[PDB]
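Participant: Those letters in the sequence shown? Residues 59 to 218, 230 to 446, by UniProt numbering.
We treat Cβ as the ideally placed atom computed from N, Cα and C, and that holds for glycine.
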Amino acid sequence: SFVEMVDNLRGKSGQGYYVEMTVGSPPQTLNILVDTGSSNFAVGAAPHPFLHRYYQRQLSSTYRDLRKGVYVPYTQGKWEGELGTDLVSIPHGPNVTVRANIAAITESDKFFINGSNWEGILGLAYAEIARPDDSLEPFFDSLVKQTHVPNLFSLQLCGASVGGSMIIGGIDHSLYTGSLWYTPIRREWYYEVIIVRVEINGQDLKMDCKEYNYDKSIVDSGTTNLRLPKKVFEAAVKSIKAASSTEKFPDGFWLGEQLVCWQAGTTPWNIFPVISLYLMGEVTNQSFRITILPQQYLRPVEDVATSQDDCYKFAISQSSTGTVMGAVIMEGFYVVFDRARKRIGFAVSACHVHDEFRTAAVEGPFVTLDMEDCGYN
Ligand SMILES: C[C@@H]1CCCCCCOCC(=O)N(C)[C@@H](C)C(=O)N[C@H]([C@H](O)CNC2(c3cccc(C(C)(C)C)c3)CC2)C1
Numbered sequence: 059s060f061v062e063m064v065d066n067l068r069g070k071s072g073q074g075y076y077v078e079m080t081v082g083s084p085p086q087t088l089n090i091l092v093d094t095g096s097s098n099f100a101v102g103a104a105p106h107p108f109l110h111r112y113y114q115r116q117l118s119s120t121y122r123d124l125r126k127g128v129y130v131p132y133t134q135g136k137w138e139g140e141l142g143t144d145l146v147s148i149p150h151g152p153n154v155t156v157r158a159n160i161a162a163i164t165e166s167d168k169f170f171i172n173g174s175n176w177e178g179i180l181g182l183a184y185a186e187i188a189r190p191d192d193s194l195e196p197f198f199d200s201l202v203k204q205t206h207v208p209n210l211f212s213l214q215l216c217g218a230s231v232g233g234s235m236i237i238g239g240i241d242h243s244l245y246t247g248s249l250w251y252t253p254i255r256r257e258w259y260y261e262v263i264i265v266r267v268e269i270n271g272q273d274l275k276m277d278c279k280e281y282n283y284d285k286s287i288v289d290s291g292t293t294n295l296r297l298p299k300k301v302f303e304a305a306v307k308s309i310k311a312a313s314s315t316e317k318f319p320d321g322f323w324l325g326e327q328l329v330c331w332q333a334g335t336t337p338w339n340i341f342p343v344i345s346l347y348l349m350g351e352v353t354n355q356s357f358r359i360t361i362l363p364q365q366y367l368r369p370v371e372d373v374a375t376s377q378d379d380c381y382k383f384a385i386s387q388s389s390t391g392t393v394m395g396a397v398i399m400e401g402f403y404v405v406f407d408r409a410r411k412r413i414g415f416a417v418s419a420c421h422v423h424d425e426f427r428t429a430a431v432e433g434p435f436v437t438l439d440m441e442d443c444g445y446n
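#1: Give the straight-line distance between the Cα atoms of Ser-118 and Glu-140, rounded to the nearest whole angstrom.
#2: Looking only at its own chain, which residues have a Cβ that is under 7 Å from the Cβ of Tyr-381, when we skip the five neighbours before and after it?
#3: Quick one: complete beta strand (DSSP E) runs, 3+ long, within the region 321 to 401?
#4: Could you tell me the alpha carbon to alpha carbon distance between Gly-232 and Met-276, rounded to whole angstroms?
#5: Have a look at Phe-426, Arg-412 and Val-146 and flag the residue whose alpha-carbon is nearest the alpha-carbon of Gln-204.
#6: With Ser-200 as the anchor, note down where its alpha helix (DSSP H) starts and where it stops.
#7: If you measure between the beta carbons of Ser-290 and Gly-95, is that distance less than 8 Å?
#8: Is the region 160 to 172 in contact with the region 240 to 259, if contact means three or more CB pairs nearer than 8 Å?
#9: Would you please state the rounded distance, in angstroms, between the beta carbons of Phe-435 and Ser-356? I believe it to be under 8 Å.
#10: Out of curiosity, what's the CA-to-CA distance linking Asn-339 and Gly-178?
#11: Identify the residues that DSSP records as bridge partners of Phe-211: which are they?
#12: According to the Cβ coordinates, are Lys-279 and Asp-424 closer than 8 Å?
#13: Which class does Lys-126 belong to by DSSP, given the choice of helix, strand or coil?
#14: Which residues bound the beta strand (DSSP E) around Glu-138?
#15: In terms of residues, what are the limits of the alpha helix (DSSP H) holding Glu-303?
#16: Please work out which residues of its chain come closer than 7 Å, Cβ to Cβ, to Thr-87, disregarding the five sequence neighbours upstream and downstream, and give them in chain order.
#17: Strictly by DSSP, which residues pair up with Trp-250?
#18: Alpha carbons only, please: which of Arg-408, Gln-332 and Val-61 is nearest the one belonging to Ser-376?
#19: Counting C-beta neighbours from all protein chains within 10 Å, is the total for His-421 16 or more, i.e. buried, or is it exposed?
#20: Please check the pair residue 219 and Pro-298, which I expect to be a contact at CB under 8 Å, by giving their CB distance rounded to whole angstroms.
#21: How far does the beta strand (DSSP E) with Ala-162 in it extend, from its first residue to its last?
#22: Might you give, ordered along the chain, the residues of its own chain that have their beta carbon closer than 7 Å to the beta carbon of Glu-165, omitting 5 neighbours on each side?
#23: Kindly examine ligand 1 and report whether one of its heavy atoms sits closer than 7 Å to the Cβ of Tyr-445.
#24: On a Cα-Cα basis, can you pick out the residue from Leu-249, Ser-212, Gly-247 and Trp-250 that is closest to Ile-237?
#25: Cβ atoms of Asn-98 and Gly-181: under 8 Å apart, would you say?
#26: Run the proximity test for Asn-294: is its beta-carbon closer than 7 Å to any non-hydrogen atom belonging to ligand 1?
#27: Locate the beta strand (DSSP E) running through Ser-286, then write down its first and last residues.
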């Protein structure tokens, strides 16, 4: 019965993917961003210039105040609000209703996006990173405890404005090709994984693999970019610059700030390399790789001029808090968050990015010795 959930995600490019939800009795409809990089369910609950509607606790007979404040600071953006519970449903999801924690957002800074069409965020990660503390049950834990929905979900994020699917409770085999390859969830807080090897155009970066995971590596649908630790970011940008030295880009383009444009349909895709991330496998000394095309880490944007030039932002940025496999990385792939078996699955998506001579891939098995040493302690 997963077909009812296919194509239940929408979004604008760089602005996240949302699913339609209802809160309260009678049901109030809100668009909620799906974020595997946090664990708080939160909705606008007060007027905001960029909100087109919001949760009105005053109108829900099933609302219950928790008499406790809450605030969440992200890498970029933050909000504060009042905690409570209410009944929640997913119209294009399973046919159930859960009593869930809801943070009613009353103040926010650089969080809501101008003309974005979503009004809240659904944090799909584990209680350990919930605010104010791990005793606030995240939505998906409530869904699993209160219903018969199996303890996993999968995300198929499709590129450019954007759409996709969130399959709640299972795997839809018509959304991917090939085999699913699984990597262990190292720890149930973020969706933390271990990267064991990195290659650019087939060339190993040849760094101590601990650097790739310093201080952690996570899968985060709520972060747009691929974010790399400083040492890894410098090696990759050095390598991507060299592969595309045919052409010249402002140094502010490599910092994510400036666009680059080309006369429409002449984007020189061939001079940007592919990036291969190797992930810890399920059996001893075994890994698999995902290959990222340049169509994934060059994000399309709007021409500042009156031209029809294709314009792009560099969507690899530097991090001081570990590797983040963001939406840019997930777009090629069908991604299974198998919480019940503590693993994450990757396969080539049915809506996969298309190059003329290259293709995004999920390939295994690979042999990788000493994968355990790649985890950071
Ligand atoms: C704020 C956003 C939700 C709204 C914006 C969605 C699309 C906009 O896209 C721009 C973009 O890429 N943004 C805004 C990144 C830079 C970011 O900050 N994204 C967030 C993620 O939750 C961040 N997740 C991490 C994180 C960082 C810091 C704290 C925490 C808590 C405390 C919640 C555990 C979690 C794990 C990386 C969601």
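Facilitator: Looking at the atomic coordinates:
#1: 15 Å
#2: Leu-328, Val-329, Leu-367, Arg-368, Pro-369 and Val-370
#3: 329 to 331, 344 to 349, 355 to 361, 367 to 370, 379 to 383, 385 to 388 and 392 to 394
#4: 36 Å
#5: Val-146
#6: 197 to 204
#7: yes
#8: no
#9: 5 Å
#10: 39 Å
#11: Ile-237 and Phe-406
#12: no
#13: strand
#14: 136 to 147
#15: 299 to 312
#16: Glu-78 and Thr-80
#17: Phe-415
#18: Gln-332
#19: buried
#20: Residue 219 cannot be placed in this structure, since the chain goes from 218 to 230 without the numbers between.
#21: 156 to 167
#22: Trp-137 and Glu-138
#23: no
#24: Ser-212
#25: yes
#26: yes
#27: 286 to 288
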